[PDB]
Amino acid sequence: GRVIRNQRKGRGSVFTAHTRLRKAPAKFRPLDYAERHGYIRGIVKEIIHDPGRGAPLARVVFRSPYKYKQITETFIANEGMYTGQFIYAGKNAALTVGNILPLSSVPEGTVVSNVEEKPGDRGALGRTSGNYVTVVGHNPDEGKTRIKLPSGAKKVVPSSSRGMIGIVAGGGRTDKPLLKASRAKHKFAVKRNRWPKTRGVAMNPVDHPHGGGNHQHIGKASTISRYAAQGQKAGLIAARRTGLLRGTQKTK
RNA sequence: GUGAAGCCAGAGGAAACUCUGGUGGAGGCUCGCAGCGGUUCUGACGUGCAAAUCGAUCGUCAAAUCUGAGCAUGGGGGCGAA
RNA sequence: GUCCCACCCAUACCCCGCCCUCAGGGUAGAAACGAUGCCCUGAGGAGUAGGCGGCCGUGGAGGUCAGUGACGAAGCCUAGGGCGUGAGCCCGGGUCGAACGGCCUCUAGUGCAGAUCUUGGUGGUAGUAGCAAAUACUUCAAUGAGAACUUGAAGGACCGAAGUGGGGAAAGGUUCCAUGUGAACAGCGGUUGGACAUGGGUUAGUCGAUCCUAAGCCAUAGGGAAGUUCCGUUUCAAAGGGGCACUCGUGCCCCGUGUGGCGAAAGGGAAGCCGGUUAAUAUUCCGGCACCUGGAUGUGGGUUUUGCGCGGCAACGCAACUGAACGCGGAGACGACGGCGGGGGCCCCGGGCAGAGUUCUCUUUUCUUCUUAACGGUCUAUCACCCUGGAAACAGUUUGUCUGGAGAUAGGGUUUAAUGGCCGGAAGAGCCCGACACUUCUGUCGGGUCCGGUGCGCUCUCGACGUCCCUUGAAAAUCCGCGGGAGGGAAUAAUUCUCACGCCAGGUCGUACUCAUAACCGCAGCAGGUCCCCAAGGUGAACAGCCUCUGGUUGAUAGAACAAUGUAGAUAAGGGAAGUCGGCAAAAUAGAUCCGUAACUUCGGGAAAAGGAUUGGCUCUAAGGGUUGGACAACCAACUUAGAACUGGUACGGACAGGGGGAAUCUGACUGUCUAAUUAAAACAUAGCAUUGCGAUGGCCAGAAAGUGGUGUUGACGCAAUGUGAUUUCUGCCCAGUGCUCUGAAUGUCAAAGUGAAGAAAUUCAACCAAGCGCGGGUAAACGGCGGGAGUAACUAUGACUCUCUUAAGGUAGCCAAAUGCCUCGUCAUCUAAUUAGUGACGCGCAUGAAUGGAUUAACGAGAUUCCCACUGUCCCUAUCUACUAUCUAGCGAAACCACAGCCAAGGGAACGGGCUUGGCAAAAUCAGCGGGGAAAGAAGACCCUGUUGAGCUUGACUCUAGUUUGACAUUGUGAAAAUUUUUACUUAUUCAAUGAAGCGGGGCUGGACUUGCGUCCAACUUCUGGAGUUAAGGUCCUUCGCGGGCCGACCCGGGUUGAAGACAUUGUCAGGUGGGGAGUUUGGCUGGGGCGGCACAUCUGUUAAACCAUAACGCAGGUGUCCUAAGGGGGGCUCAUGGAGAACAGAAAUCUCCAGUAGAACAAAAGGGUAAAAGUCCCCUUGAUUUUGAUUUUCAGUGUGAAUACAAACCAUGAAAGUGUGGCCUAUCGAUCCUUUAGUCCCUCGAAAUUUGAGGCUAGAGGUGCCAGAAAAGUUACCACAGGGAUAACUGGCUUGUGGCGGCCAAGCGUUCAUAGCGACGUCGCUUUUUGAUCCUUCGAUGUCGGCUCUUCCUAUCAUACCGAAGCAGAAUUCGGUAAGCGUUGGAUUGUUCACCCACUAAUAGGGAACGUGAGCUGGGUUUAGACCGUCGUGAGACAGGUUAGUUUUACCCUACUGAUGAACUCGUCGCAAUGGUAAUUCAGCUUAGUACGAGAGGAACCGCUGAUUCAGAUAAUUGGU
Ligand SMILES: [Mg+2]
Ligand SMILES: [Mg+2]
Ligand SMILES: [Mg+2]
Ligand SMILES: [Mg+2]
Ligand SMILES: [Mg+2]
Ligand SMILES: [Mg+2]
Ligand SMILES: [Mg+2]
Ligand SMILES: [Mg+2]
Ligand SMILES: [Mg+2]
Ligand SMILES: [Mg+2]
Ligand SMILES: [Mg+2]
Ligand SMILES: [Mg+2]
Ligand SMILES: [Mg+2]
Ligand SMILES: [Mg+2]
Ligand SMILES: [Mg+2]
Ligand SMILES: [Mg+2]
Ligand SMILES: [Mg+2]
Ligand SMILES: [Mg+2]
Ligand SMILES: [Mg+2]
Ligand SMILES: [Mg+2]
Ligand SMILES: [Mg+2]
Ligand SMILES: [Mg+2]
Ligand SMILES: [Mg+2]
Ligand SMILES: [Mg+2]
Ligand SMILES: [Mg+2]
Ligand SMILES: [Mg+2]
Ligand SMILES: [Mg+2]
Ligand SMILES: [Mg+2]
Ligand SMILES: [Mg+2]
Ligand SMILES: [Mg+2]
Ligand SMILES: [Mg+2]
Ligand SMILES: [Mg+2]
Ligand SMILES: [Mg+2]
Ligand SMILES: [Mg+2]
Ligand SMILES: [Mg+2]
Ligand SMILES: [Mg+2]
Ligand SMILES: [Mg+2]
Ligand SMILES: [Mg+2]
Ligand SMILES: [Mg+2]
Ligand SMILES: [Mg+2]
Ligand SMILES: [Mg+2]
Ligand SMILES: [Mg+2]
Ligand SMILES: [Mg+2]
Ligand SMILES: [Mg+2]
Ligand SMILES: [Mg+2]
Ligand SMILES: [Mg+2]
Ligand SMILES: [Mg+2]
Ligand SMILES: [Mg+2]
Ligand SMILES: [Mg+2]
Ligand SMILES: [Mg+2]
Ligand SMILES: [Mg+2]
Ligand SMILES: [Mg+2]
Ligand SMILES: [Mg+2]
Ligand SMILES: [Mg+2]
Ligand SMILES: [Mg+2]
Ligand SMILES: [Mg+2]
Ligand SMILES: [Mg+2]
Ligand SMILES: [Mg+2]
Ligand SMILES: [Mg+2]
Ligand SMILES: [Mg+2]
Ligand SMILES: [Mg+2]
Ligand SMILES: [Mg+2]
Ligand SMILES: [Mg+2]
Ligand SMILES: [Mg+2]
Ligand SMILES: [Mg+2]
Ligand SMILES: [Mg+2]
Ligand SMILES: [Mg+2]
Ligand SMILES: [Mg+2]
Ligand SMILES: [Mg+2]
Ligand SMILES: [Mg+2]
Ligand SMILES: [Mg+2]
Ligand SMILES: [Mg+2]
Ligand SMILES: [Mg+2]
Ligand SMILES: [Mg+2]
Ligand SMILES: [Mg+2]
Ligand SMILES: [Mg+2]
Ligand SMILES: [Mg+2]
Ligand SMILES: [Mg+2]
Ligand SMILES: [Mg+2]
Ligand SMILES: [Mg+2]
Ligand SMILES: [Mg+2]
Ligand SMILES: [Mg+2]
Ligand SMILES: [Mg+2]
Ligand SMILES: [Mg+2]
Ligand SMILES: [Mg+2]
Ligand SMILES: [Mg+2]
Ligand SMILES: [Mg+2]
Ligand SMILES: [Mg+2]
Ligand SMILES: [Mg+2]
Ligand SMILES: [Mg+2]
Ligand SMILES: [Mg+2]
Ligand SMILES: [Mg+2]
Ligand SMILES: [Mg+2]
Ligand SMILES: [Mg+2]
Ligand SMILES: [Mg+2]
Ligand SMILES: [Mg+2]
Ligand SMILES: [Mg+2]
Ligand SMILES: [Mg+2]
Ligand SMILES: [Mg+2]
Ligand SMILES: [Mg+2]
Ligand SMILES: [Mg+2]
Ligand SMILES: [Mg+2]
Ligand SMILES: [Mg+2]
Ligand SMILES: [Mg+2]
Ligand SMILES: [Mg+2]
Ligand SMILES: [Mg+2]
Ligand SMILES: [Mg+2]
Ligand SMILES: [Mg+2]
Ligand SMILES: [Mg+2]
Ligand SMILES: [Mg+2]
Ligand SMILES: [Mg+2]
Ligand SMILES: [Mg+2]
Ligand SMILES: [Mg+2]
Ligand SMILES: [Mg+2]
Ligand SMILES: [Mg+2]
Ligand SMILES: [Mg+2]
Ligand SMILES: [Mg+2]
Ligand SMILES: [Mg+2]
Ligand SMILES: [Mg+2]
Ligand SMILES: [Mg+2]
Ligand SMILES: [Mg+2]
Ligand SMILES: [Mg+2]
Ligand SMILES: [Mg+2]
Ligand SMILES: [Mg+2]
Ligand SMILES: [Mg+2]
Ligand SMILES: [Mg+2]
Ligand SMILES: [Mg+2]
Ligand SMILES: [Mg+2]
Ligand SMILES: [Mg+2]
Ligand SMILES: [Mg+2]
């Protein structure tokens, strides 16, 4: 048989993400002395649209504590942020929307965005439009913080991890139907070469495990073991259950 | 060609929102020329003009439209709206 | 039919000659002899495969012939000889020119008709096919040997601004220009040429490259890799650039986070325009007039002298008008589309000027020219911004919008923005006229070169608005501004000047030409393909079609004629789909304006639904604008609309251009995409829906590895993997099976490592185990599944209901003879005259059914289907016209194919002959057609089978494997605690993350707030504002007294950059599991083709089997893979099955008695033999079913194996013995090598020598190969491949004729009566090859496989027609039969049909053959490769003799045959004859006979005669119609 499309995707080549129109990655400031001990003030210059990203980004200018230059950063814009707004990043920053604070100096029950998995990593969690991370609780003796992720998972991160107060802008982007093949094409044409998608059962046996046959049918259980070989993992990988979800799920 | 929002005016009514002239210029809308394609004649030709062309008739024609150059993917590999 | 006589001839027989072979003899005191010779005698002679012998020929070697030869070697040619059976040898003649041969040995690349053989050459075909797309040529002249395709002039035409025009990019490379030209090429010619030959031609600071970066590529540091090299592109790197100072280069002082290259002739980007000029270059040359960049220093100007301009309220202005580091900003720099406004150019209109055209007539006419570059100066030009002021009675305002107390209207200003006006350039140019010189050298000189208008016009550009996006639409080099304020700046002298003028320089490569019906790629001068720019007039909505201007061509082999058949363009009376699988093809409709427009609907559509009317020309009228005066008048300007009269051909979108429509069904929602070159679809995609995994120490994936990579400039509204497939309404039940997921205990299973025991040790044995699995839960929008039987309602049918068997559950809602149902052309209704079609219903549905999605569905569809209107040559039924061919000619000129060839009939034959046999026959040489034959040409059949030949794909095939999971060992160190194992502590190994490696850890100074034995905790100064923040101010001492030098300002200390994980993870090596993701391989045989079946595959009995033996078939009836401690061995006593008599229960049968009883019983098992004091049966004793090795028999090769037979060595059993016993009374009951396991002994070996373990040998058994002389082995292919096979299937033919069809003989019986008018049982004899079987003879290096259409001929077993005979024949109508194939045998609905059945006509609507006639005749509806859907089946790939949809139909010019047409020879003609060949007519109706014969009556013929008509044939065009 052939190498299947899912296997080919990992080679790169035509499946590499598009990057020309992306200006800079969305990252916090590097964790420095000012952010560790007090706060630093930055000015929002513009709210820009980043192709391939649903959420808008905010360009924020800060002063260098050690040089005469000025530094422009690219944050994920939280909804409610505006051009000409002062934002504050640090331990002693006020608890207002757009401020970047360590989770230790944040009370329980507030939502943040671009939460660092570890301090200094400049943001990893809850960075997509309409998404946020909730600060469930604190453990000061352990120096840790329990948070709730957009997926519903519970995580524990060091209290020094930073986050931006508020909710990622971009609202309910997925609330309107795409309604058109062209609109799906435009959505993915700035992300990746993954659209359109041909069904495996419409292929031939040389091309996919779902293969051919005189009727379009999978012919064997579509749930595939977690430890199946590469080239076998087509369908529902390591599926605990299948079928329509007809009630609440114990797992979360 | 059709004529979506938005806008102007006038008629009713009590209200609220009904109606009627206009304006406007949206749509993977439509007729249709070039381009692109290739349905039927199962036409021509079938030691051809041609190792796939020719004619008529057809599909689409403002956007999943057509196309140049540069560049990338190399054989059990690639690429594939398959 | 029989008998007799003579005769004819085979390669046979007889006699003779000769050849050869074989056989038998003779031949030496050698006068003897290729002694391998000779002489004598007898017999014999076929031959594929094959064997042997002898000889001939070729290249080369040794010896020899004292060989041949320029007075002619070799070779070659030869209707000239000789020899040999023959292969061959020799000679004569000719040609020719330098070597060669005989004999004996030696040697080999040694002998050709084949191999779809190799290379080369050459034929018939054949002067043949053909040289026919792109509208088209003609006259005169010149040139020349020669002119349709050279040139000039004239005419006629085309391209018709998305050109046949003018220039470019790629690509070519000299094709560009001049001159000359024999051949070759330009498929005709050629004087011509992109050809050939000889010479020329490409000029840049300004146009490009060069410079920049993009996607991307390659280095570097490092890390992998055995390595070629891979990653890496800033990453675990000590990676650079700025200034000052001496006689002299070298003395220092500051900044630093960066620290490569390549990559665009369309992206970014410094700068050039006009006129002229050459044969060919020009934005490059020449003339004039400019610009940019860089470098230098001047003159003037400006500014200042303790300093770096002035003005304006302001927006800002002015000719400058200092400014380091460091920083900020702008430009470069960006999407698509819409309407509006400005500008350039083009187009158009009016007037004037100059020229030209027309001018019978008319036309103040028609056409052309009338131009102004870069670069500058100057004045303007929307948006915006500034000042005054303060708006509701809101106002301003666009086509649209919008704007305003965050300050509108208004008034006044500032400013970005020329492709605008004027001026310089610049009229001196260019152009246009006009007039005077002249072999040329020289032209010369005059004049003129203007003014207005218009616009939904075209094109480009600019501007302000606006729309769309889950889409927001490059980078860098370079240039500029500013914030900052470092340095520096002569009251009589320079002046860190972006001002004016001035000086110097600008290298290198490209530059011709074409860019295409001839310069590129398609083998080529190819109707194909190949990226752009400019873009006139008319009609018209219009870069539509059609015509024209500029410009370009007139180039595609020509002449003549007008047959068939064609290709292309059309027209047809009447009918109007009757054609056909099917309306294929064609026709019909078509623009605009005005009316009118249904069902349904997602309310958007449907819709141009359906349909109807009008349209020309001319003469008028009205309306729709701008400007000025004074509510009218005047002036200016286009078009768009409406109304009226008149008028003609009742015509007018007059050409061109240009929708047919409707009622429904299946299906996919739609737009979109694909099998380039047979499938455009219902397939794919899609939005929507649903499921699954993943929180980064991660999911999925790539890599040999990596300090590797993609997703990822990413973080659940995300990434990845699947299914279904818009909307609407729904999506039922089943977790038993296979998967996936979760737990691994009360539970079982296990490897390596480790633990314990035994041992001398190797080892062996025990426990223990991680993963995985057994186990137990979950899960179907996972793969998938979703049942049988029996009764039941006052007649009855059915079964609401019930009784019963089983599953994991038993098909729910829906839907249906549907693209899914076989039976089936289902049943009913409708549609038609007629419907296997369509639609609507019905449903025990072979085999419908719910995201393997069910049902419905507006809109959409080059999808499939039915009907209706319109329309028509599809047809009845054909006809006609045009162009180009074909045709004939000149020139040029192939190919396929070809054993030899070409008339038939029958026969036989390899079962379909051109050749053979027997007949018919049979006359040169030819031309146009033609599609019967050549089982015509393609192409070593693709269907089928075989091969111990493959390949693609699948899986629970066999064997493995990347990856992965888990365990162990190592990396791997240091502590503590718990009674060796577990837990948690350390950081330095190791791993991760961040950063420009800035503020980490301890303190102590201060600020605080909390507390009473004054003690502890916290903190380090930024949060009103879209400003700024840098090159330190100061304190303190030193000082050269300086924005100078140190310590503070800015606390000290540890040099751990910071934060995490941490001896875990990672990594290396082994071990268990998982692993169609991947690899390799396999997937029996026989066989009335193969498959399925069966086993005729090892083996036994009887028979087939034809009396020894032997002997076949998928022949017949059967049997075997066991069973027995006795059912083996010995001995003895007895006699069985059965019958007749008898005896209580007792009988048909229980036991007892007697008599008969040849085996009719029994002997393990099939069958056949055999057995009676036994071989049966019972009793007694036993283990001969033992040890050893030979011999023999059957199957047979006289090999194994299995069986079997007689005897020897022994020592046993039994009988008093004799004797018997080496398994089963006989004929079947079974198994090699290798390996393993036993048994056997003072047995042999472990090879330096010993002992003990262990191992290996020798002899005899066992573990098994049943495909049984003995491989370890699953499918599929419709995507398929190869070597073959007519050894072997599907279609023709051949034999046969069961079966099918058609007859005969007999005649029980039927027929009221009567077997035989006519039927006809039981039986029996046949014929036919239009059925289907059976066979496998021909064809698998191919004979084109159904049907229909068309066309001819043949048969008779006669449907009709002619003439006859019989009846249960009064007439009429029928029935049966005879002679009879002359002549006919139809039009339609449904179906691909064949077949069939209906409607209807008819005299009748008979049956058949001709390779199941007929595909180089058609067509392609059926069968039907590859695409696709459904149902059932399969785990799957896939299958289906099931349904459905789409799917390339090639070649004739040869020979013959046929149809026609010429024709030599016999002088040429005219008029004739007639051998032979062909042959043609057919049926019905009406009137009369006649309401008559005959009949009770109903009813109801016929002969003759008359008049028409059907089908067919041969002509013809007066008339009518078509063209
Ligand atoms: Mg592969
Ligand atoms: Mg798909
Ligand atoms: Mg497919
Ligand atoms: Mg597969
Ligand atoms: Mg699978
Ligand atoms: Mg499907
Ligand atoms: Mg469209
Ligand atoms: Mg085309
Ligand atoms: Mg064709
Ligand atoms: Mg036509
Ligand atoms: Mg012989
Ligand atoms: Mg030789
Ligand atoms: Mg000679
Ligand atoms: Mg010589
Ligand atoms: Mg040879
Ligand atoms: Mg030869
Ligand atoms: Mg031969
Ligand atoms: Mg010819
Ligand atoms: Mg031709
Ligand atoms: Mg011609
Ligand atoms: Mg032509
Ligand atoms: Mg002459
Ligand atoms: Mg010509
Ligand atoms: Mg023309
Ligand atoms: Mg154009
Ligand atoms: Mg040209
Ligand atoms: Mg051109
Ligand atoms: Mg190129
Ligand atoms: Mg010449
Ligand atoms: Mg020629
Ligand atoms: Mg010539
Ligand atoms: Mg010539
Ligand atoms: Mg000449
Ligand atoms: Mg340039
Ligand atoms: Mg350069
Ligand atoms: Mg590299
Ligand atoms: Mg290295
Ligand atoms: Mg470069
Ligand atoms: Mg450029
Ligand atoms: Mg010059
Ligand atoms: Mg001065
Ligand atoms: Mg650009
Ligand atoms: Mg015009
Ligand atoms: Mg001028
Ligand atoms: Mg001037
Ligand atoms: Mg003048
Ligand atoms: Mg072309
Ligand atoms: Mg026009
Ligand atoms: Mg017009
Ligand atoms: Mg030309
Ligand atoms: Mg030609
Ligand atoms: Mg007609
Ligand atoms: Mg007519
Ligand atoms: Mg009609
Ligand atoms: Mg048609
Ligand atoms: Mg038509
Ligand atoms: Mg409507
Ligand atoms: Mg309709
Ligand atoms: Mg209409
Ligand atoms: Mg049309
Ligand atoms: Mg579709
Ligand atoms: Mg595509
Ligand atoms: Mg195709
Ligand atoms: Mg193909
Ligand atoms: Mg699913
Ligand atoms: Mg299950
Ligand atoms: Mg279960
Ligand atoms: Mg376990
Ligand atoms: Mg049901
Ligand atoms: Mg349906
Ligand atoms: Mg049904
Ligand atoms: Mg039906
Ligand atoms: Mg029907
Ligand atoms: Mg079913
Ligand atoms: Mg089903
Ligand atoms: Mg379901
Ligand atoms: Mg519909
Ligand atoms: Mg011909
Ligand atoms: Mg000729
Ligand atoms: Mg010959
Ligand atoms: Mg014959
Ligand atoms: Mg014959
Ligand atoms: Mg022959
Ligand atoms: Mg002849
Ligand atoms: Mg022909
Ligand atoms: Mg023929
Ligand atoms: Mg032949
Ligand atoms: Mg073959
Ligand atoms: Mg074999
Ligand atoms: Mg194979
Ligand atoms: Mg293959
Ligand atoms: Mg104090
Ligand atoms: Mg730690
Ligand atoms: Mg470890
Ligand atoms: Mg596998
Ligand atoms: Mg495999
Ligand atoms: Mg076989
Ligand atoms: Mg079988
Ligand atoms: Mg015998
Ligand atoms: Mg048998
Ligand atoms: Mg016995
Ligand atoms: Mg015994
Ligand atoms: Mg006895
Ligand atoms: Mg004894
Ligand atoms: Mg054995
Ligand atoms: Mg063995
Ligand atoms: Mg030894
Ligand atoms: Mg064995
Ligand atoms: Mg055998
Ligand atoms: Mg045969
Ligand atoms: Mg018969
Ligand atoms: Mg009879
Ligand atoms: Mg037969
Ligand atoms: Mg046969
Ligand atoms: Mg064959
Ligand atoms: Mg043949
Ligand atoms: Mg043939
Ligand atoms: Mg027919
Ligand atoms: Mg007869
Ligand atoms: Mg008769
Ligand atoms: Mg006849
Ligand atoms: Mg026949
Ligand atoms: Mg036939
Ligand atoms: Mg034929
Ligand atoms: Mg054919
Ligand atoms: Mg046929
Ligand atoms: Mg089928
Ligand atoms: Mg079909
Ligand atoms: Mg088709
Ligand atoms: Mg009478």
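Reminder, nothing fancy here: chain letters follow the sequence lines and each chain counts from 1. These numbers come from the heavy atoms of this one structure, side chains and all, not from hydrogens, waters or symmetry mates.
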Quick one: is C/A994 close enough that its OP1 or OP2 comes under 4.0 Å of any side-chain N or O from A/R122? no
For C/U472, the sugar region implied by its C1'-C2'-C3'-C4' torsion sign: south
Just call it for A/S64: base, sugar-phosphate, or nothing, with non-hydrogen atoms closer than 4.0 Å on any strand. base
Counted 5' to 3', the first and last nucleotides of RNA chain B within 4.0 Å (strictly under) of a heavy-atom of chain A are B/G28 to B/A82
Give one of base, sugar-phosphate or nothing for A/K176, where a contact means two heavy atoms less than 4.0 Å apart. base
Rounded distance in Å - CZ (A/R240) to P (C/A782): 16 Å
A/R29: partners by salt bridge (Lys or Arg N to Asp or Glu O under 4.0 Å), with sequence neighbours left out: A/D32, A/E35
Report yes if at least one side-chain N or O of A/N214 is closer than 4.0 Å to OP1 or OP2 of C/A1439; otherwise report no. yes
Using Watson-Crick and G-U wobble pairs with both distances under 3.5 Å, what is the 5'-to-3' dot-bracket string of RNA chain B, with [ ] for crossing pairs and | for pairs outside the strand? ((...(..((((....))))..)...)|).....(((..((.((........)))).)))......................
Is A/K67 touching bases, backbone alone, or none of the nucleic acid, heavy atoms closer than 4.0 Å? base
Is there aromatic stacking of A/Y227 against C/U964, centre distance under 5.5 Å, plane angle under 30°? no
Would you classify C/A197 as syn or anti? Syn applies when the glycosidic angle is within 90° of 0. anti
Whole Å only: how far is the NZ atom of A/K45 from the P atom of C/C328? 10 Å
A/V190 or A/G130: which one's nearest nucleotide on RNA chain C is closer to the 5' end? A/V190
Could you state the atom-to-atom distance from CG of A/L21 to P of C/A215 in whole Å? 12 Å
Within less than 4.0 Å of OP1 or OP2 of C/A720, is there a side-chain N or O belonging to A/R194? yes
Under 4.0 Å: is that the gap between some side-chain N or O of A/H186 and OP1 or OP2 of C/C468? no
Would you mind reporting whether A/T96 and A/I165 have side-chain heavy atoms less than 4.5 Å apart? no
Are OP1 or OP2 of C/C684 and a side-chain N or O of A/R199 less than 4.0 angstrom apart? yes
Aro-ring/base stack A/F15-C/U711, d under 5.5 Å, angle under 30°: no
Have a look at C/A939 and give me syn or anti from its glycosidic angle (syn if within 90° of zero). anti
Grab the CZ-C1' distance between A/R29 and C/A998 for me, whole Å please. 13 Å
